[PDB]
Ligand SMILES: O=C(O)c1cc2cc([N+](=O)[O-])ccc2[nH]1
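A single chain, nothing else alongside it, follows as structure tokens in the form solved without 5-nitro-1H-indole-2-carboxylic acid (GID).
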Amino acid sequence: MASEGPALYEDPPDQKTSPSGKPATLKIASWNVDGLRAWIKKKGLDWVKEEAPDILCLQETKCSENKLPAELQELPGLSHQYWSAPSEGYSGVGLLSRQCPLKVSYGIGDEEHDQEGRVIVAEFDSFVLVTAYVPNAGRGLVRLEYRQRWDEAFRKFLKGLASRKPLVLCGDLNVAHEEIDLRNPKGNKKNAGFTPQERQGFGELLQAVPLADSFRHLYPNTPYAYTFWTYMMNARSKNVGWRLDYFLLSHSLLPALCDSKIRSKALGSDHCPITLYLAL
């Protein structure tokens, strides 16, 4: 039945200097934790402590802002913590930072799309950071029409932000852009995450803002690089996954891009974390 066996992928070593030789000054980690409490129970924070990022973005926290695990109070290097949950138990995002942002905002300015705690905007001196947990198209694509409306509203919102300050977007964008972004493109053409509607949406986001796919920019032809594997069917051991997590940057930030990583070995969720190195 299934045609996939193991496909090897070894993320290359961390490139910590930009094309001009400037060492990375900013390290950002993004991770769909599939439940903040479950993830922490699975020692997610031990990985964070070792990675020591300047900023940590989390998606799918599924946790009430008033029920945050006490273990989060043990992250000395990430004392500035912000969260956003649905207008409990689902969706939700978080953003933890070493340095205090100039301003933090929630949502994308559209009431219809701001009730499920999917976006946090943190403005810094030289750039604005947005982390998002994009709405899934759903089983049977029952939420694809809504997803298309979200895609348009999100694209417009981001273009607005980027028109004033360099932008960095990270998170679970719930879509594998190209065939190279998932192990089984032929069998998922009508499934959430790989529909023409979703893929065209991602392509338009890149063109309209405009934004560049950091990982693909550096590794244009590298296959089998995924960030999500279903917990079922022993998918992760066979590397039958999807690259749903990204770091999209304004073109003006490309000269500061050092590396965009996929931490394939970090356990604790059905998604692995991704890390960005910028020389700002």
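Sequential numbering from 1, following the sequence displayed.
The form solved in complex with 5-nitro-1H-indole-2-carboxylic acid (GID) exists for this protein as well; it is not shown, and the discussion that follows is about that form.
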Within 4.5 Å of 5-nitro-1H-indole-2-carboxylic acid (GID) in the entry with it bound, counting heavy atoms only, one of 182-190, 122-130, 197-205, 156-164 shows up; tell me which. 122-130
5-nitro-1H-indole-2-carboxylic acid (GID) contact in the entry with it bound: residue 25, any heavy atom under 4.5 Å: yes
Since only the chain is shown here, I'm wondering whether residue 73 would be in contact with 5-nitro-1H-indole-2-carboxylic acid (GID) in the entry with it bound (any heavy atom pair within 4.5 Å). no
Look up in the entry with it bound whether residue 113 has a non-hydrogen atom within 4.5 angstroms of 5-nitro-1H-indole-2-carboxylic acid (GID), and give yes or no. no
Does residue 143 reach 5-nitro-1H-indole-2-carboxylic acid (GID) in the entry with it bound if we count a contact as any heavy atom within 4.5 Å? no
Quick one: of 55, 33, 248, 48, which gets a non-hydrogen atom within 4.5 angstroms of 5-nitro-1H-indole-2-carboxylic acid (GID) in the entry with it bound? 55
